[PDB]
Amino acid sequence: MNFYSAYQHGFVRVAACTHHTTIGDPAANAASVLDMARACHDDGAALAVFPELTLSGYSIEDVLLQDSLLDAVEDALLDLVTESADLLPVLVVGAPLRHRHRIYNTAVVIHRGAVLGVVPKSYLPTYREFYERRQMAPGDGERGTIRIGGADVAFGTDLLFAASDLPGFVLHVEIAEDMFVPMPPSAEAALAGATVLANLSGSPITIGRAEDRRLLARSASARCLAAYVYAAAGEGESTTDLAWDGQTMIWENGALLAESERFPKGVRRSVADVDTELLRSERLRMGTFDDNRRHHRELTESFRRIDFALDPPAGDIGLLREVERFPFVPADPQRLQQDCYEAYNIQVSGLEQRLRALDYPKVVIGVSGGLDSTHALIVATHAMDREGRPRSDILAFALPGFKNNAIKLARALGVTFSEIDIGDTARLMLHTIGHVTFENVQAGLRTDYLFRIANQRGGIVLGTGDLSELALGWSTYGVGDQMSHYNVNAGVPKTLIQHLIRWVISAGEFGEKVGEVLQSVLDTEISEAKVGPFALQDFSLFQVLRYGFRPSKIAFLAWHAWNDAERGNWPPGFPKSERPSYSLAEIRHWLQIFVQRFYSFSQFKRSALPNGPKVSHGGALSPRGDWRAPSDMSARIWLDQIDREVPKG
Amino acid sequence: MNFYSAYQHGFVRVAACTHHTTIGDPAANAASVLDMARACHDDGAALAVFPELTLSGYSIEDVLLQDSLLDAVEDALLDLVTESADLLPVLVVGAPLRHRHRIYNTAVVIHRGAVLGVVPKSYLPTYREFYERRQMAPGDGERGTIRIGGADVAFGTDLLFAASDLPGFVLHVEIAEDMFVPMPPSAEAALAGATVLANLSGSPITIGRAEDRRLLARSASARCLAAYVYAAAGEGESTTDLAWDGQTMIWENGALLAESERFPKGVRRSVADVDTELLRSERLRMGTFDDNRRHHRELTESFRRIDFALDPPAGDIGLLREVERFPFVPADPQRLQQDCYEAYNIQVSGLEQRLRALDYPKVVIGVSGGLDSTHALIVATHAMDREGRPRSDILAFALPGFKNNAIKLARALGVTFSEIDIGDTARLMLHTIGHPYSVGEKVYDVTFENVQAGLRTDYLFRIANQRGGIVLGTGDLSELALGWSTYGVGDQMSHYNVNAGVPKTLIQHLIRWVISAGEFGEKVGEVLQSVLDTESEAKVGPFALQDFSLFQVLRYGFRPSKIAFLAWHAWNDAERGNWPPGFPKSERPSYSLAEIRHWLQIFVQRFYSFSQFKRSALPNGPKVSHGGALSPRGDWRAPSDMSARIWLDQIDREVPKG
Amino acid sequence: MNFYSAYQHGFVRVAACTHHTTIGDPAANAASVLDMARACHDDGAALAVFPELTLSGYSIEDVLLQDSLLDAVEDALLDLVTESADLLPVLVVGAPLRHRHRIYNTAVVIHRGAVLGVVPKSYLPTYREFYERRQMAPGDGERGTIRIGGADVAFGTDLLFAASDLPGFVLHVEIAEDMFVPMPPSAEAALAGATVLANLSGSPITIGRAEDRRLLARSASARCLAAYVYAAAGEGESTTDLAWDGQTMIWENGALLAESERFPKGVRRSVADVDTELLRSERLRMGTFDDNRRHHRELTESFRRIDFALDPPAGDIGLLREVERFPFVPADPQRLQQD
Ligand SMILES: Nc1ncnc2c1ncn2[C@@H]1O[C@H](COP(=O)(O)OP(=O)(O)OC[C@H]2O[C@@H]([n+]3cccc(C(=O)O)c3)[C@H](O)[C@@H]2O)[C@@H](O)[C@H]1O
Ligand SMILES: Nc1ncnc2c1ncn2[C@@H]1O[C@H](COP(=O)(O)OP(=O)(O)OC[C@H]2O[C@@H]([n+]3cccc(C(=O)O)c3)[C@H](O)[C@@H]2O)[C@@H](O)[C@H]1O
Ligand SMILES: Nc1ncnc2c1ncn2[C@@H]1O[C@H](COP(=O)(O)OP(=O)(O)OP(=O)(O)O)[C@@H](O)[C@H]1O
Ligand SMILES: Nc1ncnc2c1ncn2[C@@H]1O[C@H](COP(=O)(O)OP(=O)(O)OP(=O)(O)O)[C@@H](O)[C@H]1O
């Protein structure tokens, strides 16, 4: 295979273009369109959407009904179609066209020298600044064919254009106002199989209108588990009563892939790589989406599927797509902040309800001065505060084997702190057994002690292990740190933990003295030896748990995010010496460890998991929630996929 | 309320009657029917189904077409209807009736002085000994009304009769051949809401025909989650070319509630209490049943619902129903044997797969000489045998605290046996924690009990890490149910629990099964026998009672008072009903309502509220019983932080003190 | 006339409530609901929406299938209905209810002593943290009636509740997941006449989920030219595998009227005055909205319209609504800057 190719990893490259309108002059419009389409070709784009009524200009009013204008529009269309024989992408260009008795506001789907379909606008606004019914007929419920340059081509609202060599790409087109009505044509189309929803728009600009466009294109892409590709008219449209801003944008399942400069001087394009596998994966999992389809069966099976062969470029054309290094840790500081706020409150209110139900037992927790146990202590304290419980009911324990951060924190917090040396009990145990086992004896004895103390002192044992450890099965199962009465950290991956700790510092709700210890814990604490860097395994975890992406897809993504430390963004808090870059060889190596550990070795540990709250939209690993899987399965096929598909280095 | 009333607990009493046919003489047939219906009334029955063509006789052939015969049938029907004003049950009686152009083979649904509906047979056999098309029209797709004694009453295949004061009781009727076709009218009816399916039959008898009747009545009751009430013609029918056996039977979701003597001299009835709550519960849970309905929406919403008010007797009328003392342990020896065979093989193959997947680790198991650990050791041994593994790869441990059966068994089996005294480690731990026992006081704490229980598991896990094995869990389903186990570090935890789905009441019977089969030598049998003979009930109650409650709750979700009614009918009287094999006369206790109530309170509290967090983090192991297992990944998804207040309150308000 | 009265100016006062869940204990939930409903009465609210499965708790899983739970839910419902004889607002309260073969996830529309309708959730998520199909039947395409306390009342996804003395207030109800599918029930309902769209939600909370809820409630209120009234579950729901944030919000044609504190200690309400005339005016003008209706004529005329008389308070009850002094000049500096 050809591993650096975005197309071979399930991306499809799409473009939303805003050209230079010359109102009333189709040849000029077509020349601008042709020139932008050639650019899109050069970029390896599979799709290029233009503004509403591209070929005539949207704003020319009764000029639309002039014979010479309609004649010139047809002549220009035919030239485009002919030029398109040498162009990679499907071009979606607007045109007022004659059909039966009237002119329809249409989008003309053009590919490799042929017209694939012609789609009329369904809803024609005739209110405020809009007069569309005056010149143009509604397309809703038109079917059949239309005659364009000596061919009969599909015509109507019910069309789907499907790439026969790229099944994740199924195109539907609507027009401007179409997406603003309670039941848009695009929403039935997605149910029928459309994955990429195009919109050609005129859209005179107005205070707050760009927000309206966004609210609707974004919600559409989210509700319809689709890419939404949008292109509005700019410079050149008539300013007799209106102004135009040239806005273009591309959305994917709620997320902005790209957008262009508003009120540009000159033409602009948004170009992005859409992840069809992401959309595929979201739909596979959200059954209620298919349920909705079945419920509108007749509405949804009546669409007509026009096939074409894209034949996209096979080689390296980069990845026009932002890939976060930390799926669980947003690089944008406003967002990271929001996430931390939510994580923390989730953890706390999860624990509060447990305590309420147990009529407020004491909280037993082993504190080692490590990141996980520190954060848990803080979570426990806040829980107890919010529930009006004395902090002295939290029973913290240092359990030395064979750090001072731990006693310092407990003391600053004002919980009950205690030390218990497990060493002698360990020796006694090691000897009685005739002695990994030696590490497990200590790990087990810690949990054993904590559970017995909890029995004795009327408390529950707080679990401490994080989601990343659950994922790799990095924990001692049974009698060991895997086991507890309630685990507040179970849904928090390791990459996010350090950020919650800062959040709690930065907010400063626990005094200045507490913050200093916490700061110390951080500075001191920053395993990865045998299971690899958690930044890489948390990356893989998100891809697998959310999308079920195959290993080579995960390696491609991780490599685009991580191979170059100067590229992309780092969340806040990474001084310049903590900004590693990973080679493909490293990413491959750790991925092998990951799939082996995650699919095969580690499930039985998750299988018997104490209670605790889901935190990340990426998923948690509860066998009672997000991850139902066998404890007795090999990972052969994943390892084999990495062998066959991911280059050695 | 009125606790000893079967109606107030959701039962409906149904009857399948076989009368005395007098062919060609409707007055006589009606007199027989009237007499049987009065008996049914006396019995508090809500329903009485008679044989096909009751009023004329099924076998009279072209005599069905005679005006005087048809006129007499009508006259007789109207007298029944009038007599029925004083009768409790809905009577379903057969009659050849004129409608439009022809006579239809009908069942006339009759209640408290009115005709509720008339239902024509849908499929009329005209082959081998059957000539029904010659005299009678098919009913399939007839609708509308028909005129019976100056009233227009519903007519057709699409009727449902619903008790307005007893919503679990929704009656559908079909006729004989109707239940034998690939898509019977009764199957669309059950989808539409019918819960009790009636069948009036003529059914000349033939070698092997009673089996056919049962195969189809039983499978119908099972596939349609319903009661199926069936009545065939008997003595009196013409023996010109045929004989008749008078068979009657009542099925409920695949189970025979009642049947009557074949070839009786005289009339016979099958009378049984149908549990509408059981049918309700099965349907609530099997969503694919509702799914089937929605897929045949148009077919299923077109039924017409005729209402009637039953107004059943409110008092004590007994319970015409067999209630097993041991929902998990069948009293019938053939059946118990089948169950044991299956339980055992399930346990074993469950463990074999785990071992295969772990590339054959050693098996570490704590053996205390108790029932659970004994049975597990056996299970382990068989697993190893079938996988061609040396028995010396099973590592059994006695773990004495502060029995010889245990070392005897391990030794006879030939596994690796070893003792480890956990007492010193325990002392060291009790002292390290500052427990009063370490300075002398006899504080037989729970902490003190848990230190030992915990240390056992801790040891076993460490040995497992050391010696390359997995720890076999040992706790049984009944202990999972009551949260009777030490959670976390303790006997609740393990790498694979083969006993997790086996309730305690069944364990002793698996041990005998293994003895009785004798596949492990005579020496092994003797120790096992010893374990039995040699082998807490005081804090959680008798497991026979808690296992009974467990089944009701886990399978059906029945409310506490319903469970108490059932347990009391099963258990209050030791001479009543049957005991599985293996209960000598002094192990046959009876329980009072006061006891059953008392333990039920303990059960709902422990099961709905306290114990769930223990189940919530449960090691892998196989489901065994059709009653269910308690894996939070399978049969039982519930909250760890919920109170049982409403169940306790229901017991207070509904179940008498004693 | 009576000029200082919000109702006489075309407003209708609506409330989205988050109560205290006591899982498995319907009497307790109902007591909390009753108490919040009385508050809403006192505020002159016409409408009070509660969280999904209010009476039982959304999170109780197979406990939904327990007879004693379902029995208690019914008893509790009947007491609310009876208490509601003296309450001004239409209460919309969640309840698992038995119908035909199964239990449906329902919202019970209650008003002045009677049940107006019962609406089942249409889309039951069974993925990730959701297992709803295990215990509950889909409501899409259910019609007819259901028996609640000796009455046969409208049942199904196709219901509209219309105030006969306040025509700008036409209520439709959906549930949680209903609003997340490409073609939600609420969108057809708005085309059919619904102006106020209620949503009862359980909605375990998760990083970024509150954004999702907003994106979809806000876009719905905008695309459907309607108020969208939304109430999620809070404290008391089981934290076996999930946490809850108690979020409540009220949208109007894309604009946030009100919202409540996330992860509150105690119960919270969003209360706002919805301008029915504003909705009325937007619809009069955007012909393409009616055009959409006509295009789905058969879909949209099949709704059933249940009438009730609100009889709202006639006097001065203030105006629970922010009115900018400068319709053309936003007071929020970020926004004014954008403009
Ligand atoms: N598929 C399966 N089904 C049922 N049981 C299975 C099993 N696979 C192994 N087992 C059993 O499980 C045991 C192996 O698992 P386990 O006992 O947990 O031990 P294991 O994962 O092999 O070792 C734990 C490792 O994690 C490290 N550790 C320890 C403590 C804390 C942390 C931390 O960072 O928080 C890390 C420590 O360095 C140690 O090397 C064996 O007894 C094996 O027989
Ligand atoms: N909802 C919840 N979520 C998280 N944690 C919860 C909890 N509820 C209690 N806990 C905690 O769990 C602990 C209570 O459970 P646990 O530690 O197991 O102990 P617990 O259930 O209090 O006692 C176990 C009892 O079972 C009997 N037992 C034990 C072992 C074996 C056998 C046998 O013969 O089969 C019988 C023994 O007599 C003992 O009294 C306490 O620390 C409590 O605070
Ligand atoms: N010395 C200790 N004293 C008290 N508790 C401990 C001690 N060591 C481990 N624990 C308990 O067991 C858990 C797991 O141990 P582990 O050594 O993985 O934790 P850590 O020190 O937070 O991380 P790391 O090993 O990566 O520095 C801890 O979070 C803590 O609750
Ligand atoms: N003395 C013991 N020696 C070895 N293992 C033990 C011992 N006591 C308990 N165990 C282990 O822990 C499990 C639970 O112990 P428990 O004493 O409850 O079992 P039991 O004796 O079968 O039960 P019961 O006391 O009700 O007969 C045992 O089945 C076994 O795995």
# chains A, B, ... in the order shown; residues from 1 in each chain; ligands from 1

$ interface_residues --of "chain C" --to "chain B" --cutoff "9 Å" --atoms "only C-alpha atoms" --output "PyMOL selection string"
chain C and resi 22-27+59-63+65-69+71-72+98+100-103+133-137+238-240

$ closest_atom_pairs --of "chain A" --to "chain B" --cutoff "9 Å" --atoms "only C-alpha atoms" --output "CSV"
residue,atom,partner,partner_atom,distance
A:353,CA,B:641,CA,7.9
A:354,CA,B:641,CA,6.5
A:356,CA,B:641,CA,8.7
A:357,CA,B:641,CA,5.5
A:358,CA,B:641,CA,7.6
A:420,CA,B:432,CA,7.6
A:421,CA,B:432,CA,8.6
A:422,CA,B:432,CA,8.7
A:424,CA,B:428,CA,8.5
A:425,CA,B:428,CA,6.7
A:428,CA,B:425,CA,6.7
A:429,CA,B:425,CA,7.0
A:432,CA,B:420,CA,7.6
A:433,CA,B:463,CA,7.0
A:435,CA,B:466,CA,8.3
A:436,CA,B:465,CA,7.7
A:437,CA,B:466,CA,5.5
A:438,CA,B:466,CA,8.7
A:440,CA,B:462,CA,7.0
A:441,CA,B:462,CA,6.4
A:444,CA,B:458,CA,6.9
A:445,CA,B:458,CA,7.7
A:447,CA,B:489,CA,7.6
A:448,CA,B:489,CA,6.0
A:449,CA,B:429,CA,7.8
A:451,CA,B:489,CA,7.2
A:452,CA,B:447,CA,6.3
A:453,CA,B:433,CA,7.0
A:454,CA,B:447,CA,8.9
A:455,CA,B:447,CA,5.6
A:456,CA,B:447,CA,5.5
A:477,CA,B:461,CA,8.9
A:478,CA,B:493,CA,6.2
A:479,CA,B:489,CA,5.2
A:480,CA,B:489,CA,8.4
A:483,CA,B:488,CA,6.2
A:484,CA,B:488,CA,6.7
A:485,CA,B:488,CA,7.9
A:604,CA,B:620,CA,7.7
A:605,CA,B:619,CA,8.8
A:606,CA,B:617,CA,8.9
A:607,CA,B:619,CA,6.8
A:608,CA,B:617,CA,4.1
A:609,CA,B:617,CA,4.7
A:610,CA,B:617,CA,5.2
A:611,CA,B:616,CA,7.3
A:623,CA,B:633,CA,6.6
A:624,CA,B:633,CA,5.8
A:628,CA,B:633,CA,8.0
A:631,CA,B:620,CA,8.1
A:632,CA,B:357,CA,5.5
A:633,CA,B:357,CA,7.1
A:634,CA,B:357,CA,8.1

$ closest_residue --among "A:214, A:403, A:389, A:375" --to "chain C" --atoms "only C-alpha atoms"
A:214

$ residues_around --residues "residue 176 (chain B)" --least-positions-apart "5" --cutoff "10 Å" --atoms "only C-alpha atoms" --output "ChimeraX atom specification"
/B:51-52,121-125,198-203,213,230-232

$ atom_distance --atom1 "CA of residue 13 (chain B)" --atom2 "CA of residue 321 (chain B)"
9.7 Å

$ closest_atom_pairs --of "chain C" --to "chain A" --cutoff "7 Å" --atoms "only C-alpha atoms" --output "Markdown table"
| residue | atom | partner | partner_atom | distance |
| --- | --- | --- | --- | --- |
| C:123 | CA | A:288 | CA | 5.7 |
| C:124 | CA | A:288 | CA | 6.6 |
| C:125 | CA | A:288 | CA | 5.9 |
| C:126 | CA | A:287 | CA | 6.9 |
| C:127 | CA | A:285 | CA | 6.2 |
| C:128 | CA | A:626 | CA | 4.3 |
| C:129 | CA | A:625 | CA | 4.4 |
| C:180 | CA | A:223 | CA | 5.7 |
| C:181 | CA | A:223 | CA | 5.7 |
| C:182 | CA | A:224 | CA | 5.1 |
| C:183 | CA | A:187 | CA | 6.4 |
| C:187 | CA | A:182 | CA | 5.3 |
| C:206 | CA | A:615 | CA | 5.2 |
| C:207 | CA | A:616 | CA | 5.2 |
| C:208 | CA | A:617 | CA | 6.9 |
| C:215 | CA | A:219 | CA | 6.2 |
| C:216 | CA | A:219 | CA | 6.4 |
| C:219 | CA | A:215 | CA | 6.2 |
| C:223 | CA | A:182 | CA | 5.2 |
| C:224 | CA | A:182 | CA | 5.2 |
| C:236 | CA | A:353 | CA | 6.7 |
| C:239 | CA | A:350 | CA | 5.1 |
| C:240 | CA | A:611 | CA | 4.9 |
| C:241 | CA | A:613 | CA | 4.6 |
| C:242 | CA | A:613 | CA | 4.2 |
| C:243 | CA | A:350 | CA | 5.2 |
| C:285 | CA | A:127 | CA | 6.2 |
| C:286 | CA | A:127 | CA | 6.4 |
| C:287 | CA | A:125 | CA | 6.8 |
| C:288 | CA | A:123 | CA | 5.7 |
| C:289 | CA | A:181 | CA | 5.8 |
| C:292 | CA | A:181 | CA | 6.7 |
| C:339 | CA | A:207 | CA | 5.6 |

$ write_last_selection --atoms "C-alpha atoms" --output "PDB file, in the first residue's frame"
ATOM      1  CA  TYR C 123     -35.800   7.117  19.742  1.00  0.00           C
ATOM      2  CA  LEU C 124     -34.237   4.895  22.391  1.00  0.00           C
ATOM      3  CA  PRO C 125     -30.410   5.029  22.446  1.00  0.00           C
ATOM      4  CA  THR C 126     -28.660   1.733  22.806  1.00  0.00           C
ATOM      5  CA  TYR C 127     -25.027   2.583  22.369  1.00  0.00           C
ATOM      6  CA  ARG C 128     -22.088   3.829  24.494  1.00  0.00           C
ATOM      7  CA  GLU C 129     -23.487   4.527  27.974  1.00  0.00           C
ATOM      8  CA  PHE C 180     -30.715  14.686  18.206  1.00  0.00           C
ATOM      9  CA  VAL C 181     -31.862  12.771  15.129  1.00  0.00           C
ATOM     10  CA  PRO C 182     -31.802  14.162  11.617  1.00  0.00           C
ATOM     11  CA  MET C 183     -35.607  14.453  11.599  1.00  0.00           C
ATOM     12  CA  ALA C 187     -39.695  19.687  13.723  1.00  0.00           C
ATOM     13  CA  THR C 206     -19.828  14.422  29.941  1.00  0.00           C
ATOM     14  CA  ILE C 207     -17.106  16.760  28.744  1.00  0.00           C
ATOM     15  CA  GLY C 208     -18.583  18.911  25.976  1.00  0.00           C
ATOM     16  CA  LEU C 215     -26.273  23.435  19.783  1.00  0.00           C
ATOM     17  CA  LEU C 216     -29.354  21.293  19.270  1.00  0.00           C
ATOM     18  CA  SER C 219     -30.784  25.391  16.402  1.00  0.00           C
ATOM     19  CA  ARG C 223     -35.135  26.493  12.587  1.00  0.00           C
ATOM     20  CA  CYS C 224     -38.625  25.904  14.042  1.00  0.00           C
ATOM     21  CA  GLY C 236     -30.052  11.934  43.095  1.00  0.00           C
ATOM     22  CA  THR C 239     -23.530   7.521  39.978  1.00  0.00           C
ATOM     23  CA  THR C 240     -22.720   3.840  39.391  1.00  0.00           C
ATOM     24  CA  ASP C 241     -21.289   4.768  35.966  1.00  0.00           C
ATOM     25  CA  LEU C 242     -22.394   8.327  35.325  1.00  0.00           C
ATOM     26  CA  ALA C 243     -22.671  11.866  36.714  1.00  0.00           C
ATOM     27  CA  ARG C 285     -43.288  36.514   7.361  1.00  0.00           C
ATOM     28  CA  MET C 286     -41.190  33.486   6.536  1.00  0.00           C
ATOM     29  CA  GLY C 287     -43.406  31.887   3.906  1.00  0.00           C
ATOM     30  CA  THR C 288     -40.895  29.145   3.247  1.00  0.00           C
ATOM     31  CA  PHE C 289     -41.794  27.717   6.681  1.00  0.00           C
ATOM     32  CA  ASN C 292     -42.200  23.233   4.137  1.00  0.00           C
ATOM     33  CA  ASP C 339     -22.117  44.293  14.882  1.00  0.00           C
TER      34      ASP C 339
END

$ residues_around --residues "region 256-272 of chain C" --least-positions-apart "6" --cutoff "6 Å" --atoms "only C-alpha atoms" --output "PyMOL selection string"
chain C and resi 13-19+245-250+320

$ residues_near_ligand --ligand "ligand 3" --cutoff "10 Å" --atoms "only C-alpha atoms and all ligand atoms" --output "PyMOL selection string"
chain A and resi 364-377+396-403+406+418-422+439+442-447+450+461-466+469+474-476+480-482+524-528

$ select_by_dssp --residues "region 497-628 of chain A" --states "alpha helix (DSSP H)" --output "MDAnalysis selection string"
chainID A and resid 497:507 512:525 528:531 534:542 551:562 584:595 603:607

$ residues_around --residues "residue 59 (chain A)" --least-positions-apart "6" --cutoff "10 Å" --atoms "only C-alpha atoms" --output "PyMOL selection string"
chain A and resi 21+23-24+52-53+130+132+202-204+233+236-242

$ residues_near_ligand --ligand "ligand 4" --cutoff "10 Å" --atoms "only C-alpha atoms and all ligand atoms" --output "JSON, numbers by chain"
{"B": [364, 365, 366, 367, 368, 369, 370, 371, 372, 373, 374, 375, 376, 377, 396, 397, 398, 399, 400, 401, 402, 403, 406, 407, 418, 419, 420, 421, 422, 452, 453, 454, 455, 456, 457, 460, 471, 472, 473, 474, 475, 476, 479, 484, 485, 486, 490, 491, 492, 493, 494, 504, 534, 535, 536, 537]}

$ write_last_selection --atoms "C-alpha atoms" --output "PDB file, in the first residue's frame"
ATOM      1  CA  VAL B 364      -5.385 -22.085  42.192  1.00  0.00           C
ATOM      2  CA  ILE B 365      -8.281 -22.854  44.493  1.00  0.00           C
ATOM      3  CA  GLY B 366      -8.926 -22.567  48.213  1.00  0.00           C
ATOM      4  CA  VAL B 367     -10.589 -25.723  49.525  1.00  0.00           C
ATOM      5  CA  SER B 368     -12.363 -25.518  52.856  1.00  0.00           C
ATOM      6  CA  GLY B 369     -14.259 -28.788  52.673  1.00  0.00           C
ATOM      7  CA  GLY B 370     -17.488 -26.816  52.186  1.00  0.00           C
ATOM      8  CA  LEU B 371     -20.070 -27.532  49.424  1.00  0.00           C
ATOM      9  CA  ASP B 372     -19.113 -24.676  47.056  1.00  0.00           C
ATOM     10  CA  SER B 373     -15.341 -25.201  47.072  1.00  0.00           C
ATOM     11  CA  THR B 374     -15.763 -28.983  46.799  1.00  0.00           C
ATOM     12  CA  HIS B 375     -17.946 -28.719  43.726  1.00  0.00           C
ATOM     13  CA  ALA B 376     -15.560 -26.203  42.147  1.00  0.00           C
ATOM     14  CA  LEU B 377     -12.556 -28.529  42.624  1.00  0.00           C
ATOM     15  CA  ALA B 396      -5.498 -26.788  46.021  1.00  0.00           C
ATOM     16  CA  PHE B 397      -5.004 -24.998  49.319  1.00  0.00           C
ATOM     17  CA  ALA B 398      -6.290 -25.357  52.806  1.00  0.00           C
ATOM     18  CA  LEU B 399      -5.958 -22.008  54.534  1.00  0.00           C
ATOM     19  CA  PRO B 400      -6.533 -22.569  58.277  1.00  0.00           C
ATOM     20  CA  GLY B 401      -7.380 -19.497  60.359  1.00  0.00           C
ATOM     21  CA  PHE B 402      -8.037 -18.422  63.927  1.00  0.00           C
ATOM     22  CA  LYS B 403     -12.145 -29.888  56.380  1.00  0.00           C
ATOM     23  CA  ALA B 406     -10.754 -31.163  51.806  1.00  0.00           C
ATOM     24  CA  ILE B 407      -7.361 -32.884  51.890  1.00  0.00           C
ATOM     25  CA  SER B 418      -0.771 -27.751  50.202  1.00  0.00           C
ATOM     26  CA  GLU B 419      -1.531 -26.084  53.535  1.00  0.00           C
ATOM     27  CA  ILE B 420      -0.848 -22.494  54.477  1.00  0.00           C
ATOM     28  CA  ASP B 421      -1.762 -21.207  57.897  1.00  0.00           C
ATOM     29  CA  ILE B 422      -2.805 -17.594  57.605  1.00  0.00           C
ATOM     30  CA  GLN B 452      -8.952 -13.699  57.603  1.00  0.00           C
ATOM     31  CA  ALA B 453     -11.260 -13.894  54.600  1.00  0.00           C
ATOM     32  CA  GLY B 454      -9.207 -11.173  52.882  1.00  0.00           C
ATOM     33  CA  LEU B 455      -5.913 -12.813  53.688  1.00  0.00           C
ATOM     34  CA  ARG B 456      -7.030 -16.052  52.098  1.00  0.00           C
ATOM     35  CA  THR B 457      -7.772 -14.331  48.801  1.00  0.00           C
ATOM     36  CA  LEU B 460      -4.235 -17.174  46.637  1.00  0.00           C
ATOM     37  CA  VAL B 471      -7.561 -18.020  41.105  1.00  0.00           C
ATOM     38  CA  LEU B 472     -10.827 -19.991  40.778  1.00  0.00           C
ATOM     39  CA  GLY B 473     -13.738 -18.230  42.343  1.00  0.00           C
ATOM     40  CA  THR B 474     -15.975 -20.316  44.438  1.00  0.00           C
ATOM     41  CA  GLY B 475     -19.008 -18.302  45.555  1.00  0.00           C
ATOM     42  CA  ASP B 476     -22.476 -19.279  44.449  1.00  0.00           C
ATOM     43  CA  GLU B 479     -24.389 -15.531  47.907  1.00  0.00           C
ATOM     44  CA  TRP B 484     -23.013 -12.692  51.543  1.00  0.00           C
ATOM     45  CA  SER B 485     -19.291 -12.510  50.732  1.00  0.00           C
ATOM     46  CA  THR B 486     -16.289 -10.348  51.525  1.00  0.00           C
ATOM     47  CA  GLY B 490     -12.067 -11.565  49.907  1.00  0.00           C
ATOM     48  CA  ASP B 491     -13.991 -14.495  48.457  1.00  0.00           C
ATOM     49  CA  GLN B 492     -16.041 -12.257  46.202  1.00  0.00           C
ATOM     50  CA  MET B 493     -12.945 -11.647  44.032  1.00  0.00           C
ATOM     51  CA  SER B 494     -11.208 -14.106  41.650  1.00  0.00           C
ATOM     52  CA  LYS B 504     -26.967 -22.866  46.568  1.00  0.00           C
ATOM     53  CA  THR B 534     -21.105 -33.421  56.833  1.00  0.00           C
ATOM     54  CA  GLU B 535     -22.323 -30.152  55.273  1.00  0.00           C
ATOM     55  CA  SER B 536     -25.291 -17.958  58.721  1.00  0.00           C
ATOM     56  CA  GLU B 537     -28.671 -19.311  57.613  1.00  0.00           C
TER      57      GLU B 537
END

$ select_by_dssp --residues "region 175-313 of chain A" --states "strand (DSSP E or B)" --output "MDAnalysis selection string"
chainID A and resid 175 196:200 205 227:231 243 248:252 255:259 268:275 304:308

$ residues_around --residues "residue 50 (chain B)" --least-positions-apart "3" --cutoff "10 Å" --atoms "only C-alpha atoms" --output "ChimeraX atom specification"
/B:15-19,33,36-37,53-55,91-94,107,198-202,229-233,248,269

$ closest_residue --among "B:218, B:38, B:588, B:172" --to "residue 159 (chain B)" --atoms "only C-alpha atoms"
B:172

$ closest_residue --among "A:489, A:581, A:552, A:248" --to "ligand 1" --atoms "only C-alpha atoms and all ligand atoms"
A:489

$ atom_distance --atom1 "CA of residue 565 (chain A)" --atom2 "CA of residue 548 (chain A)"
26.6 Å
